[PDB]
Structures are given as structure tokens and as C-alpha cells.
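> need a structure here:
(chains A, B, C, D, E, F and G)
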Amino acid sequence: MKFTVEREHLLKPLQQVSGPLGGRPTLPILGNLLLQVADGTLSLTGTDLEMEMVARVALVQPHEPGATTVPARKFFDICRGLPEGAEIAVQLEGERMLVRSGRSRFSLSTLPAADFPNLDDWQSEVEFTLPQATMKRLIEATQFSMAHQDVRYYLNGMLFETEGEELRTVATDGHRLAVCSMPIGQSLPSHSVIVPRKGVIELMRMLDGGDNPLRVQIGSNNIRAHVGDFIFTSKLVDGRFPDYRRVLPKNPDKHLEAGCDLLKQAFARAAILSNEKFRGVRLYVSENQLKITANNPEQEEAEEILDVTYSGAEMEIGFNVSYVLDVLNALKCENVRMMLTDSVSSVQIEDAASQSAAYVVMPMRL
Amino acid sequence: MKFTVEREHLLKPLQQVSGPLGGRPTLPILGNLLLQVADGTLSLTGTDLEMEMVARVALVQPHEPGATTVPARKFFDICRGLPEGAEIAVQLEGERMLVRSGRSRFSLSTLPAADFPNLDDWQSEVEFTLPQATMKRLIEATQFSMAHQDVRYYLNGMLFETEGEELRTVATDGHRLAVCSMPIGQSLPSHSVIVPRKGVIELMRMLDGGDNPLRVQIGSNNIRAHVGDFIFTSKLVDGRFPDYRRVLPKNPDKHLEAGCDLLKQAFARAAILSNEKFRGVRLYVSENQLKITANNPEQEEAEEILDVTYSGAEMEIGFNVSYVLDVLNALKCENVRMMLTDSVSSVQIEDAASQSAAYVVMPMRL
Amino acid sequence: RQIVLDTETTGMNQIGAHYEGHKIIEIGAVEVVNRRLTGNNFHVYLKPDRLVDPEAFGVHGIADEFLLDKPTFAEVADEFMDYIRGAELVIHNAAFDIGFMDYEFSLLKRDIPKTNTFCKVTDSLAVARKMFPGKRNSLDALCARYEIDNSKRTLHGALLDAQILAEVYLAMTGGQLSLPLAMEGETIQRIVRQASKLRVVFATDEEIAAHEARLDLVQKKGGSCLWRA
Amino acid sequence: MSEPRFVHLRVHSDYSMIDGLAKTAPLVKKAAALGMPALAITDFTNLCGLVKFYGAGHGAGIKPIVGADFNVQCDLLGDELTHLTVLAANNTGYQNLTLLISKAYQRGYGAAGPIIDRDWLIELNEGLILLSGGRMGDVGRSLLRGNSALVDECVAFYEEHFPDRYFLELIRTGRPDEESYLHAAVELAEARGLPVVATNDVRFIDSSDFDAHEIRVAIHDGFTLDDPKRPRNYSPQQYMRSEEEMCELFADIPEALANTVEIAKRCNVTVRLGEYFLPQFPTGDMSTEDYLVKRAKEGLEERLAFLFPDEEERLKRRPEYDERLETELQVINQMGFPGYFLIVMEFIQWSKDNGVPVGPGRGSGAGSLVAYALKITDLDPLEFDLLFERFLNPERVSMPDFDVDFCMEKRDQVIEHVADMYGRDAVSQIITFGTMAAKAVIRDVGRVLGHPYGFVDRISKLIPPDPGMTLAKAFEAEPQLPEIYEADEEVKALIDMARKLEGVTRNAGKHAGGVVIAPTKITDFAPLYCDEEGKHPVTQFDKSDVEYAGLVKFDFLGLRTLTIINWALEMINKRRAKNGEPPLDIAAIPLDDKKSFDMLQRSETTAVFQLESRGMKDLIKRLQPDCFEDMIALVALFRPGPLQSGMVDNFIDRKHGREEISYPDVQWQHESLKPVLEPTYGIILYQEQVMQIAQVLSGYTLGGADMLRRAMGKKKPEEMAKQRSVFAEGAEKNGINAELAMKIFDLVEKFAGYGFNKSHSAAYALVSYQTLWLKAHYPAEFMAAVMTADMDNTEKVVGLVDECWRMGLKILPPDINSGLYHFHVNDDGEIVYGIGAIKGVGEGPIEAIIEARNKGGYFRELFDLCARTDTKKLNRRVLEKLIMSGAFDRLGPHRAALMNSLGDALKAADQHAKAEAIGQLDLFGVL
Amino acid sequence: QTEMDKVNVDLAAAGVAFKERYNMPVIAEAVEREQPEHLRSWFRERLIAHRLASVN
DNA sequence: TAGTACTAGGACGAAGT
DNA sequence: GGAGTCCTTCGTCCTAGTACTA
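Residues are numbered from 1 along each chain as shown, chains lettered A, B, ... in the order given. Coordinates below:
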């Protein structure tokens, strides 16, 4: 085998495949790249045993097909270091890959392609497309609610639920919940499935700044996403998860709105004097007004008072402000609305412009 | 106790006086910020047990003295968090500090001023002016050479020597070093101050890049520095910085030129395939050329072929890529000229436009 | 030119003379010139004159019969001595080798002297101990410290360690040299020899009496007092 | 007088434990061999070998001169670490010295050692003489810096508060800055008019001990010979240079030498040793004497009612007890020990009222009926004629050894009660310096010198386990030592040096081995050392030394066995309410139980104390002891003497009518010795029998009896010969034949060398009987207790189960739900493991487990367990053992499936516990 | 140089020799697998010339 | 706005054949 | 003056607590 590639085509893929690689992944082969020339293209790959990234790229200059396994992290970092428009000279001969670029010269650790865990081929079940920019909304509107480590494995990842023509997603840890949905414009079967944390990181990663169509195909127990020439593969898990319609509070009777930015800045401020581990505060609400106060073990005490649209009596309740500030960052609006039940049940929230991401977060017992 | 100040007037002082903060300060009130109204000005104080940062801000409304010390990062963020032109009104009622902003209210944990040590006022020896800009390059150009943790504690810091009509600074690891010399326009008596790394960190941060001129006073074992509105004060480490002229190389007879960006690029690239800790790269110089390689533990090999102007004798020499990249990252200039003596001496390294500075690593023989 | 070895043999005596009843079998002959790896080995082997020690076997697993017909120490004593003559001998486990080297030179019975008379004897562990006092200064220890592969190389010792130990040696001497500061290294043996008015503060008549009474107690309770002798 | 004008004034023994060398006596023998009349020992921040110092000074006609070095903090240098060397002139200084030391230790410290505040020189002021601190003082550091204002501030203080009681320390030993310091100090000496005095800062006998001392320090420090970072603060010239050597060394500085004469005059400290300093408060409202007599009669009343519940027999047997009572009373009162007993007896009563079963030793205290009457001892000495005049002899007005120890189980409780009683500072515990084994000293030398782990350990693991093993002994016991000596040059250098190191004190006593009391602050008489927090104070004198200083001792014996008993008793008396079996008091057991003797005859006596030896179990089997006296004998039997004189087989034969009973010998016998020798079937066994028969046969005093027995321990020719004459005419006085008497006296002499202390044997044999009763009477129930005792030892654990198995005693594998701290038996459920029976695990985790099990019921699964208890207490390592063991088996069914959900369970605990702690609810529900 | 790989197989096949003094551990079945094809021929004869001679 | 590097502390084994 | 008594060392691997940079 031999190949030649154009830095700028291949640099972005390199960054795509390069990001997920853990400081130390489990099995050394996972530290190297899949380099296969099949037909007229190279496919580059890194895996964590649960996810996989592929980029397919046109080779304009002479080549012959083949297979190898070469060091990923350092390779990408080298390619960051390359000059604009770089012409690269690389070649398989037996158990060495020779890497030259321009007049620079390199000699590599090289393993066979077959020593790398070649991930699984499977049959498509459902296929569909969407804009990249809508997906980023869906993701970024929901991503932070996943736990870092929940052993209820069905928490660590993002739920995709397909029924009728709508695809609906959600993330949560028991303490926050966020949902985001847009319709796909095609009548689908039913497939619902949740993606692993690290899988979803990479999916985010591949949402480059383009309006180019993003396509994903789901199998029975695995999923693939094509966005043009940027390619994604991950297996899925059985993933029994709860029905989110049992998690939704049905109709919390009292309603509340308030201005997002004012809200957010005030939260920002008041939040700092809640204990950082508990994020503890009490919210007292009255007609046309909200009063915010806290204190922590350090015996710092807080108060913020502001303009809120609210009709009804007082209420007493407290939250993790990180959780809400994260929604407020995502929340791209002037007005948001809370629709409340009580201190021992959910609080539902909805963006006065979103109508797609509603939020229910648990408070404290004071 | 009274005063009134605007958000915009508090913001930058607060960030700057918030510099010394961190490291789980052992004497708890060191983790707090001192509010003092004294004479015609509001003074804030933060210490890290070795240094102090003072801010002077205009008190235009009526005020009265009285002072206390409130928890620092949290407190800085509150003030930073308020909107443009905000009503900030604080008042000491003995033991408690009550802080308000308009209709919002803030009541803090409060430790009295007298738990915070106030460090001794000291006597000046030498006093001077120059642009901040000059001082920014000066510190930045040597910062990286100071060790983070060395047992030779005196190297965790920077030698300031003023001499003749030149301001002359220098720092080191015990491995590598940069020294720099700038003309100041007036007579300076001979002086030495050795400032701990924390100190120079703080000094770096107080360069906000203004054209506000920089004026500084230095005592025997203390220091004073004025940037625009702000005034810095610290004590230093007592002694044992050796004579830097001792380590200076002895008339390097070999000259070496290569384009700075190019040069920098090749180094960056090459760094990635060396020993993780030791960054081992190999240099063979010859008429019109240099041979660059590194070998790393994973049997990997890089080599860069390059644009080298060279007149002098042929020799072999290798040294730690990280340390030299640090100088190359500081030298955003036209050319580097390197001046060599032999394969077993310290080497001199230069911007080909400024001999104001000198950079140096000794080699390892690998 | 600087030449080293750690040598694998017909096992060891664990007590006293670790060398007694043993002779050398293996030659990987390191040539390292200006701290660069030539790999210029003379590769033929020697006579065991005995069967394998059980300890030695478990460390490396070698067995006698491969190394028996290959010529003895006497046939390449001079060939190999010329290979090592006029050199720096920085070596690990010095007590073992030097013991053997010098000893084998005399055992030829051509009166060929001990190696320390024509070669510079240096222990590598002494220098390792100097650099890393109270750390493990072993081959595998420092191997892992300087990140060299002895995980894909099962042999302990010499047909591998030659190469490796060179890299180790280089690391230790090629660790990084130091910035000539002005420093004064303690262990300078001097005495003042002076005279000038100073005050002597004497004990009182009563203090003397307390002492004389104390010595009474020494003498009378003890049966003698050497002040009162 | 004829020659001496000099002594060395800064000198340290090895007992400092950061510095010094060898022993103090050899140092003193050299000072004497140098023709010195006096000498100052200034051990580092202690005078621990002052006992031995006095002993040596007194003995050799040398005046002991008192001093020490310290860790100084003046606020002018901050916490820059310096010395002060501080010497006492007289009684006043001695007290102040002792207090200063104690105050430094009371304050607490780290690796830098105890530090004193300079301003403690306020209190500790009068009667003291002080130094510059030498080269590295507060004065020395300030002089080396050359800041004259800083210097003036420091000196001024000492010139003010210590006028004519401040001399300057000088050292020229070829070390850095000795010239510079000395030169600047002689300028200060002119300038301030303060007196100068010369020392050699001595730490050793011979200049070749340098290496050893260097290593001594490095042993503490933990660094290697060739390490540049390692402190090398000392030179080899610091030895006892002679009179004339020192005269010419300082023939440039005359006043320095003359100030040794001056200082020697000033230093005369009186501490009385070898006779008692009164440690007793009056305990009740009475005279000291009378309170004793009273509580003796009242203690007697308990024992009487217990021993003789038939009132007819009480009266018949009574006279002997009243007579013994009064006999002992008279001697205790006349010798002046009743204060001691009052404390102890109140203490013993108090420990019974609290849950403190009685510590195992009594020494030979069973010789005292008084001790017994006051409940100081456990079983009846007049039933078996047990003898006081071993325990205190009137014609030996010396050591009254009361020979008491106490139980570890309740240690802090006791220490605490006696601090509540006397005052925490009136009282202290004692150094138990961990004994420097041949192992240790070799080990440590070797690593410091940079021999490999393997090299040096190959040498030390050959050395037998003996505590008194020396290099002299090592060479003769093991032929491999001469071998490696001749076969390694660096081992020769090692052993020449290691001969000087052999048996030096290793470092601070980790924790005590006893306690003492004074009438006032203990520090008025003895100094302290204290633990890493400056707490749990220990006396600077060890066992031998502290009591030779005249102060009161009580030794350690932590017999896990009393804890067994305690625990077994509690658990047996729980079986009270379970089946109406009354509260059982170990003192109140019947002494004739045949179940007990049946099981004994079956040789099932493992973990019965001192019947742990294999040979001893063989001996039980052969001996077939069928009365209590045979059982007392067993410890005296299983020894080198009795086995190598055929004594075992003699007694065995003589016991069962295989050989005739004689009083004592086949040829040389007398029936008037039958009362003495009845229980041993004519076999001459005890120290008690010795003295009985001297008194009974030949009209001796009981104190004359003790004198003979002591003389036969020493085996002196003179001692025998005199008493051998009075022994002959004493027999003749009572009509008993001369030749018979003297030929039995030869047999006495033979067996006197082996002659065992009955009272000491019996006190410990008591305990074996107790372990036996509990075993046999309810041995299965005790078995729990047996296993409790040996938790940490795997070997014994396994042995013990095999012992249960043989007994028929169905041992069950564990259950976490039913398990207690340690072993339990349900009524039906014969046996259950203790929870402590889990292999590695520490105490905090196990309390956690059970605490959770208390609040909840039995934990339903894995899950329910983890939830109830916080993660602090649940480590994965803990839980890994739990899976491995199968502690869960009953609840968590699978072997493998449970290991898998272990991570899950941990995580659930973090997730569910931690959220509840934070205070935030989740929304899952429905499992 | 290439007989220097081949004659190191004479060295590895000597492992099986010390079976004939099993006073401390020597594993006969391990060498079947560790030794690849280019040396099986030399290795198999090496076993037998070794095993009888490590006895004497 | 998220992820890893360093230190702490106990547990287990030791320079080379 | 005779006799009986105490604990252990250091470095590296694995996981959790609190900091820093892209």
C-alpha cells in the first residue's frame, strides 16, 4: 500500500477522530489509528469499545489499497503542526509504515490492522436525515443533564425516542431533567434507544459548522450517522429506561414567568453564596415578584429580589443553581415560564419561546 | 460606616486584587478580601501570606471609615456578577458586613479586620518609571524558566539587577534560563531583588496592557509597583541568587541562523515523538544544514529537514524540546540566531533582531 | 571508549564467596563509543565446567549442554582481554564481576593480572545510589523510570541488558548537566589560636562547701572519691 | 588535688535516641580510666541514664555532674532551630530542669523533637547554669548571621535573668564555622564580660566509633551513607580527649579550661534512690495504719463467708487465718509499705466494681494472705501454705517487690482513674524501648551502609530468635557467622562496627509497660517523655532504673486471656436470663469438678495458658495430674532443669505408687516434713518448700528461710557455708539427726537452683484452671472467647477450629446478619463466627456494619446493606473480603453474580447516600 | 547474523534439558508453543540432545 | 464546562543469577 | 542484684479529594 492526502481535507477528520481518545484507554491498540485504503479512499478510526469515528476522503494522487495500525494522539498533534497545504508521503511495506511529509521524515510503531478490534457490521432498521444545526440544538439543549457516572447505565447517555413522525430525546440524573424535540418529516417505525456518554460527546464533536445534511441510521442494537463525508458508528445497549410521561408532572396548577437574563444574572449572583456542594437556596415567590435567599454552613447569607410574572400564593423551594444556569445558557430567550406544583413534587419549566425543551428539576426538603 | 461605588469601577480592581488568592489559605482570613476606607480612598487587601495586592478606587459619594474582610473568590464573583452601572452599597455594622445592591441584599460571613495581619511598611532604596508594555515582554520573556517546585527554593523566582542605565532581569530552573536587558533612560544604583514565583505571577497579571505608565519602588527585601490606578506590594525571598555572569557561555565561536516561524514549527512537530518527560532531540550541524531527530521509547522516529544558515565547526548536541519551545513561543520575532561553543557547554540562543535577551539550556548527551 | 557488563553464569553461591566453584559462560561484548551504541559484539560462548544451579535456572532457565562444546575461557582470554584493554569500566553489581574478572585473569596461569590494574573500575550502582538514595536502583526499576522496554523482553540480564544498560547509563549520565552556580559542599578543619582580656566567673565559698559536701556523699556512699584521693 | 583540674561538660549517652552512643557505664569507666574525679553528662533533652549515671559515679568515686541539650525558640529568630545546653547547680536547678523537660513534652511536637519556649525560663529560673548553645545556638545562629542588634537582644535576656550562671560553649572539632563562631564569640566574651568554658562536644569512647555514631543518627533520619542531603553534623574528634590533650588544645584560651573547674564546683544535685518516696494519699477518713487494718478485717470477711459457708468449719479453721493475718500485718506495718497496699487494694476493688477483670500477675503475691484477704490475690494461700516472707523479708530491708501487673483490656480506664484519683501530673507510665534485636541492629546498619536488602537480611535471618542475642553469642551459636566474616571484607568492617551497635536503644518507647505515682507532681522527682501528640506520658527511667530510683512499679502483662474470660463471662451470664443459670464470678468457682479433670485427662488443653507448648501437652498426657497442686507444678516442670534431671519421670512414678513417697528422699527422709511435702508426694519442688522446711524442721525465722533461698539462687560458696552450719544445729535443736538433715540439705541445694516460686506459679496456674473450668464446664461457649483472643493469628485460628472439631463442637461458617462484634452462640445455633473473624478488617468498618444492622433489621440484600451505611465506613476492599469469604451466602445467592454487582452496589450507595446527605431527592420510584 | 537467531534457539531448547534435574521448576509443555516454525526442526532435535546430557 | 494530573494512605513484595 | 519483655522498613499500585487549562 501507499497513499497521498491533502492536509486540509484530512486535518478536520483527524481532529474528529482524535478528541475522544482517553488519556489512557483500556487496550493499547486503541491508542493507534485504523488506516485502510479500500477502493479510492482512506478510512480513519479510533474506538473506546463502545464508539467509533470514520472519515472517508478522496485521494487525488497515486495509491494502492491495504491495512495498518498507527499511533493516533501523537499523529494528530503532528498534523496540527503541519504547514498549510501539506503534501504527505506514506507507504505500507510489510510491518513498517514509512511516513514522510514534504522534506520531514518519520518512522513509526506499526501494528497490523487485524490486531485492532474491528467493530461490528450490522443491518439498518430505520433511516432518516436532519440539519446539523437542529441536532446541535437538540444536543446542547439536553447534554449536561447526563450523569458523569451513573451505574444505572440507562442514565449515562442520551435517549432517542422515535414514534409517528417525531423524534424526541431527553437527559436527567434524578435531580435535573431536560427534553428536546423536532419533527423529521417522515413516518417512521418505532425505534427508541439511548447513546453512551462518550458516544454523545463524539456526536457533538462531529457537528461542524455547516448547514450540510446530517443523516443517521439505526439498527436493532447499533447506530450509524452520516453527515456527508464525516461518519459515525456506535453500538447501543438494551437500555430499559423509564417512561418519561410518568416523570412529567401532569398539570402543576400555579404558573410563573420571568425575564431570562435578569433571572440569570441574579441567579449568577445569589448562587455564589450557596454551599458549592449542595447549591442550597430558598425561593419565595409572590404576585409579580420573586425573593431569593440562601445560606450555607460558612454562614454567608443571600438575597435577590426581582420582577417575575406570577399569580398565586407564596411557595418555598430550593435547587441546584448549576442545573438551572446550564438551562439558562442554553435558553435563548427573553421569557421563560415555570408551572409549579409544590416543594415535594416536580417543578415544570418551559421557555416562553422554546416549547420544545421543558424542564423538571427536584428541589430540597428544608 | 458608608460608601457608594459603581459596578464598572469595582470590576477590574477586584479581578486584580483577586490574583494572590487560592491554595486553601491556611490562616482563614487570607481567603477573604479586606474592605478599608482610609483617607480619601477605598482600599481592598488580599494576601497569600507572602504578598499583598492593593487597589485605589474613587469614592465620589459620602463615606466613612470602618473595615472588615469577606470571603474572596465568592465575593469577587458577586461583584463581577452585577449588571453595568449597578448600585453597590456596603455598610459595616460592627461584627456583620451588610452588602446591598439596589433592592437585592447580601449579608456575609464576616471576620474582623484585626485577624488579618497587616504587613510592615518598608523603606525605599531605588525608584523608577517605564511603560508597562516593556515590563510585560520582560516578565513574559523569562517566566517559563522559573521552576514550579525546586529544592533550590531561590530558583523559584526572578533575579532583578539594575545596573548602569539598564534594567536587567533573569530567571532559571537549574536546567534552562533567559536573561534580558532594557535601557531605562536614567542612572540606576546597583541593586538585586529575588522575587518568588507567586510574586511574579501576580506582577504578570497586573499588566492589563494599558499605556498607563509603570512606576515602581524597590526596597532591600520588599517591593512596590504602581500600574495606572493600582498599587502592588510584596516582600521577597531573603537571598542566595548566584551571579548569572558565571553561567554565561564563553565566547561561542559557531553561528547558526534559521527562520523563526519555520524553526518553531519544526520543533513543535518534532516534540510530539520524543520521550514524554525528557523530550530528547538530536542536533548535528554541518555547513549550510542541521540534522534534527528524536528517538522515543515506542521506537518512533521523527526527523525534520530544514532551512539552516550555518558558518562554524561541525558538532553534535541534544537538549530538552519543551524548554527550547518555551523560548521559541516567547520569541514571536523575525529570526533566531544560535551561537555555539562546543557539544559539552551551555549554548546561547537569540532573536536575530534583539541581543537584549539571551536564552540557554545545557545539553543532555543522548 | 567506555565498556560495561552484567553477566549470566553457572548460578551463584548465595553466602560468602558468591563466586566460589563457578566460572563464566556468556559474552555479549558491549562497544559503546562516545555514548553511542555501536553494537560491536564478539559473539561466541565459553565453558561452564559444571551443571546449572537451581536458582540461576529459575531466573533465566538456561541449561548446560548448549554451552559445553563452545571453547573455554583460556581460548578467548587474550582475544577478549584485547577487546577490553585501556578502558572505563562502569559496571552494575561490581562485587560479582570484578571478583570474576581479576580472578579469571590469574586462573589462566599465564600470570595475566587483575583487571583493576589496567582498567578503571567504577560501580554503576554507586552512582545510582548517589543519584537516587533510598530508591530502588535496579535494572528494572530504573528501566521503568527512564521508560525503556523490558516488558516485551523476558531475559533478565546480559544479551538484552547490554543494549538496555547502555541506554540506562546514558540516561544517568545523560540525565541533564547543571548550571555552574557558586555552591559550597560542607564535609574546613581550622583552629583560632588567640588571646585577650575575658572574665572568669568563680564559685562562692558556700558553693565550694556544697561541692566538698557532695564529694563527702560520693566517697562515703561509694567507698572512694577520686577528687579526694 | 594531686592531678585533676578538668571535666568534659557536654556529653551524651545513647539514651537520648537521636544522639549519643554505646552505654553510659562504659563512658564512665573511661572517664575514670582517664583519672577524672567528676564528669558532666548532658544527654539530649533528657537524663534517662541518670540512674545509671549516679550508679556509676557513686560506684567509681566520680562526681556525677548534671546537664542536658535542648530545642530552642526565641521569638527573635522565630522557629530557626537551635540548641541550648542547660545544667543544674543544685536541688533547685534539678527541679527546674526536670520541669522544663516535662513541659517541652507536655506541649507536643513532631519529627523536630520537643521544643521549648524561651520564656519558660521565667518559671524555670532559680538554681540553674546555662550555655551559649555552642556553635548552633540562638546565640550561635545570630553570631553567624553577624547582626549585632539581634545578638544584643538575645544575650541581654540571659545576662539579666542568669547573672554569673551563664558560660559560653566552645567547640573546635574541625567542622564548618567553628573558627568563625569561636572567633566572634571570643569578641563577644571580651565585649560582655561573660565567662567562657571549653568542651569537646563528646559523643563516644573511641575515634573509630565515629562511623557508628554517624550511622546512629542516619538510622533515625533514614538515609544512606553517601547521600549529600543527609546531615553530617559531627566529626570524629568529639571523643574523650585526655587531660593533657585538652590542656594544649586550648592553651590559646585559658579561661575556657579554668571554667571547667568552676562549673564542676557549682554542680551538686541530690536525688535519693533505693528507698521510697511516699506515693500515698490517705484513702479514707482514717490514719494510714488503721485504714489498712480495717480493710484487711473487712476483706477477710468476704473470703471467710465464701470459703466456709458451713459456720461450724469456719470456727475450727479460723485461728490459722487470724494468726497469719496478724503475722503479715506486723511486717507490712513495721517496714512501712501500707500506703502502697491501700492504693492498690482500693484500685483492685475499684477495678472489680467497674468492668475490669483482674490483671494476670500477682508475682509471688499469693505468699501474702493479706493480699488475698484484700482481694489482691485470687485463691486460698492458707489452704496450701503460701508464703509471705518471700514476698517481703524483714531481715532484708531493701526491695519489697510488690510484683503486680494489670490488664491491657482496660488500660486507659485504669490510667484514667488513677489520674482522676492522684492528678494526671502526679503519675506517669514507663519507657518500653522496643528491644534492639540482633535482627534490627544488623538490618539497620546494613541498609544505611547501602548493602542490598538481600545481603544484610541473609545475615540477620540466621540469628536465633533470643532477645539477649549478641554478636559474641551469634558467632558461637551459628557457624555461618564466622564463615561470612572470613568470606566478605565489607562484612568484617560491618561486624567490627556492629559490635559497638549491638543492643543500643533503637528509639522512644512506643507505649508504656507500667505506671508510677508521687505525693506531689511526679515531675518533682522524675522526668518524662511523651508520645507523638505530647500525650500519654512515659517516665524517662525504665523498669529496673525507675524503681532503683525509689519509685513505685506495676508492670504490664496484657493477657488477652482476661479479656477472654471477661467476654466469655458476659456471654455466659447472658445465658443467665436465657436459661436461669446464675451470675458467675470466676473467684467463686468450685475447685473439684471432674468434667474439668476428665477433659484435662484427654489432653485437650490447647489455649489454656502455658499449656501452649507441644512438649507440655505431651507432659500433661504422661503426668495425669489429679489434684490442683500437680496442676500448679506443671509450669515448674516444663523447663530445662526438671526434664534434664529425670524429675518429670520421678514425679510421675512417685505420684502413682510406682516409686515410694519419701519426705523427701528414698534414703534421706523425715515425716515432720510431710506437711510441707504432702501435695508433691515427697518431691522437692518449690521455693516455698525450701523455706517451709528450714523454718519447720530446724527452727528458722521466715526471714532466715528467705536468706537461704536467695543464697541458693546465687550459688555462692560463702552464703551456704554459714547457713549450712545454723541449719545443722537447728535440726539438732529440734532433735532431728545431723547426717539426715545435711544430706537432705544437699538435695535441697540441687533443687534450689531449679526451685520454683509456688506463689508465682500458682497465680498463673490459677488462670490455667480458670481457662480449664470455663472450657469444660461450658467449654463450647468459651470456645468463642478462645477464638476472639487469637483474631490476628491465622495459624492459631485454624488450630483452634481443629480443636473444636475434635471436641464434637460443631463450628458453623459465618452470617453477616447474625454476627456480633466477635463470636456468638445462639441458644440452638451452637456456634457463629464473630464479625471480627473476617480476615484483614479493621475496627471502624466492623462497628459501622453492626451499627447499621442495629438501626435496620437484618439487611435484605447487598443493596440494603450499603444503603443503610455511609461510604466512609464501606470500602471496596472491605467488601471484596466479604465476597471472598461468603459472609453474605444466605442472602446473596450466587458466588460470581454478587462480585459483579459489588461495583453497582458501591455506586448506588454513593448515589443514594450522598444525595440524601446533600438533601436533594431524585425521581425513580418502583425499584 | 542469521545463524545468530538460529543458535539462540539451541539456547531456548535447553530449557527442556533441566527437566532431568527437577529439584526446582522447569516447564516441558511451554516451549511447544513459544517456538515458531523456522526453528521447529532444530528445536525438536535440540530437546533430545539436551535432555539426556543435562542429567550427566 | 469537562476531564485528567498529583498527593494520600494502606497493601504487598524486594536490587542479581 | 536476680530475672523477663517489644515492635518493625521503604517504594509502587489503586482509588478518592481538591486544582487548572482548552
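> since we're on residue D:143, how many residues are nearby?
By the criterion of other CB atoms under 10 Å in any protein chain shown, residue D:143 has 26 neighbours. (Each C-beta comes from the backbone N, C-alpha and C, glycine too.)
> Can you tell me the SS state at residue A:214?
Classification of residue A:214 using DSSP: H, G, I helix; E, B strand; the rest coil returns strand.
> mind listing what the closest residue to it other than its chain neighbours touches?
With sequence-adjacent residues excluded and distances taken as CB to CB, 6 or more residues apart in numbering or on different chains, residue A:214 is closest to residue A:227, at 4.2 Å. Neighbour list for residue A:227: A:132, A:206-208, A:212-215 [criterion: CB atoms under 8 Å, 6 or more residues apart in numbering or on different chains].
> what would those look like in a markdown table with neighbour count?
What follows is those, written out as a markdown table (neighbours: other CB atoms under 10 Å in any protein chain shown):
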| residue | neighbour count |
| --- | --- |
| A:132 | 19 |
| A:206 | 22 |
| A:207 | 16 |
| A:208 | 14 |
| A:212 | 14 |
| A:213 | 12 |
| A:214 | 24 |
| A:215 | 15 |
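> among the residues you listed, which two are most distant?
Largest separation among the contacts of residue A:227 by CB to CB: A:208 and A:215, giving 14.5 Å.
> what about residue A:350, which SS state?
Three-state assignment for residue A:350 (three-state DSSP): strand.
> where does the stretch 801-927 of chain D come near chain A, residue by residue?
Contacts of the stretch 801-927 of chain D with chain A, taken as CB under 8 Å from any CB of the partner chain, map to D:903-904, D:907-908, D:911, D:915, D:918-924.
> just the helices in the stretch 201-350 of chain A please.
Listed in chain order, the helices of the stretch 201-350 of chain A (DSSP state H, counting those that start in this stretch) span A:244-247, A:260-271, A:321-330.
> Tell me which of the ones you listed sits nearest to DNA strand G.
helix A:321-330 (13.4 Å; CB to the nearest atom of the strand).
> quick one: the closest one near DNA strand G?
No. Residues of helix A:321-330 are not located near DNA strand G by CB under 7 Å from any atom of the strand, the shortest gap being 13.4 Å.
> Counting neighbours, which bits of that helix end up buried?
Neighbour counts over helix A:321-330 (16 or more other CB atoms under 10 Å in any protein chain shown) mark A:321, A:323-328, A:330 as buried.
> Please parse the chain into its domains.
Reading this off chain A. Per CATH domains of a matching chain, the domain ranges recorded for chain A read A:1-123, A:124-247, A:248-364.
> Chain C is the one I meant
C:32-173, C:198-229 (automatic domain parsing).
> Kindly reformat the buried residues of helix A:321-330 as a markdown table containing distance to residue C:178.
A markdown table is the format used below for the buried residues of helix A:321-330 (distance: CB to CB, whole Å):
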| residue | distance to residue C:178 |
| --- | --- |
| A:321 | 53 |
| A:323 | 54 |
| A:324 | 56 |
| A:325 | 51 |
| A:326 | 51 |
| A:327 | 57 |
| A:328 | 55 |
| A:330 | 55 |
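> Can you tell me which residues in chain C are near DNA strand G?
When proximity is defined by CB under 7 Å from any atom of the strand, chain C lies next to DNA strand G at C:134-136, C:141, C:144-145.
> let's see it at 10 Å
Counting by CB under 10 Å from any atom of the strand, chain C comes close to DNA strand G at C:132-138, C:140-142, C:144-145.
> before we move on, what about the stretch 101-250 of chain A?
Proximity of the stretch 101-250 of chain A to DNA strand G is confined to residue A:149 under the rule CB under 10 Å from any atom of the strand.
> What residues does the stretch 101-250 of chain A have near DNA strand F?
Going by CB under 10 Å from any atom of the strand, the residues of the stretch 101-250 of chain A near DNA strand F are A:140, A:143-149, A:156, A:197-198, A:200-201, A:204.
> Rebuild those as a markdown table, extending it with secondary structure and neighbour count.
Below are these laid out as a markdown table (DSSP: H, G, I helix; E, B strand; the rest coil; neighbours: other CB atoms under 10 Å in any protein chain shown):
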| residue | secondary structure | neighbour count |
| --- | --- | --- |
| A:140 | helix | 14 |
| A:143 | helix | 20 |
| A:144 | helix | 17 |
| A:145 | helix | 22 |
| A:146 | coil | 23 |
| A:147 | coil | 18 |
| A:148 | coil | 7 |
| A:149 | coil | 11 |
| A:156 | coil | 22 |
| A:197 | helix | 20 |
| A:198 | helix | 17 |
| A:200 | helix | 21 |
| A:201 | helix | 17 |
| A:204 | helix | 14 |
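> ok, these vs chain C, which is closest?
Closest approach between these and chain C, by CB to the nearest CB: residue A:198, at 28.1 Å.
> Name all residues that make contact with the residue minimising distance to the centre of chain C.
The residue lying closest to the centre of chain C (CA atoms, centre = their mean) is residue C:123, at 4.1 Å. Counting by CB under 8 Å, 6+ apart, residue C:123 makes contact with C:90-92, C:94.
> Among those, which lie within strands?
C:90-91 (DSSP state E).
> quick one, helices of chain E?
Counting by DSSP state H, chain E has helices at residues E:2-12, E:30-34, E:40-53.
> residues from chain C in reach of chain B?
Residues of chain C lying near chain B (CB under 8 Å from any CB): C:35, C:147-149, C:170-171, C:173-183.
> now do 7 Å
C:35, C:147-149, C:170, C:174-182 (CB under 7 Å from any CB of the partner chain).
> now, which of the residues you listed lie within helices?
residue C:170.
> In PyMOL, how would I select just the buried ones from the residues of chain C next to chain B?
To isolate the buried members of the residues of chain C next to chain B in PyMOL, using 16+ other CB under 10 Å:
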select buried, chain C and resi 148+170+174+176+179+181
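> For the residues of chain C next to chain B, give me a markdown table that also has distance to DNA strand F.
As requested, those are arranged in a markdown table below (distance: CB to the nearest atom of the strand, whole Å):
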| residue | distance to DNA strand F |
| --- | --- |
| C:35 | 20 |
| C:147 | 13 |
| C:148 | 13 |
| C:149 | 16 |
| C:170 | 16 |
| C:174 | 19 |
| C:175 | 18 |
| C:176 | 18 |
| C:177 | 24 |
| C:178 | 22 |
| C:179 | 23 |
| C:180 | 28 |
| C:181 | 24 |
| C:182 | 29 |
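> Name the residues of chain C found near chain E, please.
By CB under 7 Å from any CB, the part of chain C that sits against chain E consists of C:43, C:52, C:54, C:57-58, C:61-66.
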